[PDB]
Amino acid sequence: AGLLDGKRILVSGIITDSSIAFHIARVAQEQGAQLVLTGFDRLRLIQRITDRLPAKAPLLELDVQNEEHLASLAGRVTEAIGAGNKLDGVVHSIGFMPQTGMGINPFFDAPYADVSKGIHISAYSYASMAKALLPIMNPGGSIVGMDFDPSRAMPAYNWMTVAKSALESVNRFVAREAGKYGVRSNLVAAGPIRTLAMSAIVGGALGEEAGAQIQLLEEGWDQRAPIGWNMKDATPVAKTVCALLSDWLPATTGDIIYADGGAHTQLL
């Protein structure tokens, strides 16, 4: 009798046990959803990590920059869920920006080849995934992507902020296409989460200046948030994604839900 009882949902973006997608997958399974998982490059690691989920789920390879992977995706998902069955939900939890684009060097020194790779994976792929999966989605379905509020500039995040501004625009166009299938498209703008990569940045992987800036930036959320913010807890973010995958927000599309403790609503 869970929130997502009987729903078939595809979850992308698991790489480690600290991935936001790992927590989305765990909460969705606790709420009765039947999952299909997609992974990039390190498939042996991803299978070993996902063995720790409450229930066993099939794992499919998906590199969003690979045209062949995207062209065969719908057929591979149909084989995993069985003929005559369709998806009720899709979770995009994919992001990447080369070090040159995220504070290892000044904003002006990031080459366009690096920025373009980052925009392909972080923004264009949201449209790529919707194109591939909408023909195998049921009416009343839901597509959810992960965002980080880019309305104002900030230190070190640099070109990844630009990629998120592009993603928010892409989401509004995806909602127009998804609407024809009776499917909603929305993003969850989360507060900062201490994943393995974020902890490494704070530890100085992109230089001391960038590390100090990210640490101070992350600390501002708990101070501003009227209900506080715990960067070591991904469960409130996972619950918000599940709310959008459910039948309980049926009139919301092309939109952004903020799971940030209310920090974006307060100046100080």
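Between two forms, the rigid core is defined as the largest C-alpha subset superposing within 1.5 Å. Residue positions are given as counts along the sequence shown, with the first one as 1.
Chemist: Taking the root mean square of C-alpha distances over all structures and residues in 7 other deposited structures of this protein, with a rigid core superposition, name the larger of 50 to 58 and 217 to 225.
Modeler: When 50 to 58 and 217 to 225 are compared in 7 other deposited structures of this protein, 217 to 225 lies farther out.
Chemist: Higher mean Cα B-factor in the deposited model: 186 to 194 or 68 to 76?
Modeler: Mean C-alpha B-factor is greater for 68 to 76.
Chemist: Quick check: 100 to 108 versus 167 to 175, which has the larger average CA B-factor in the record?
Modeler: The stretch with the larger average C-alpha B-factor is 100 to 108.
Chemist: Kindly indicate the residue among 145, 84, 118, 150 with the greatest C-alpha B-factor in the PDB record.
Modeler: The C-alpha B-factor peaks, among 145, 84, 118, 150, at 84.
Chemist: Would the CA B-factor of residue 31 place it in the lowest, middle or highest third of its chain?
Modeler: CA B-factor rank for residue 31: middle third.
Chemist: Thinking about Cα B factors across the chain, which third does residue 228 belong to?
Modeler: It belongs to the middle third of the chain when residues are ordered by C-alpha B-factor.
Chemist: By its CA B factor, does residue 235 count among the lowest, middle or highest third of the modelled residues in the chain?
Modeler: CA B-factor rank for residue 235: middle third.
Chemist: Quick check on the deposited entry: does the C-alpha B-factor of residue 62 sit in the lowest, middle or highest third of its chain?
Modeler: Within its chain, residue 62 is a middle-third residue by C-alpha B-factor, going by the deposited values.
Chemist: Ordered by C-alpha B-factor within the chain, which third holds residue 241? Give me lowest, middle or highest, please.
Modeler: According to the entry, residue 241 has a C-alpha B-factor in the chain's lowest third.
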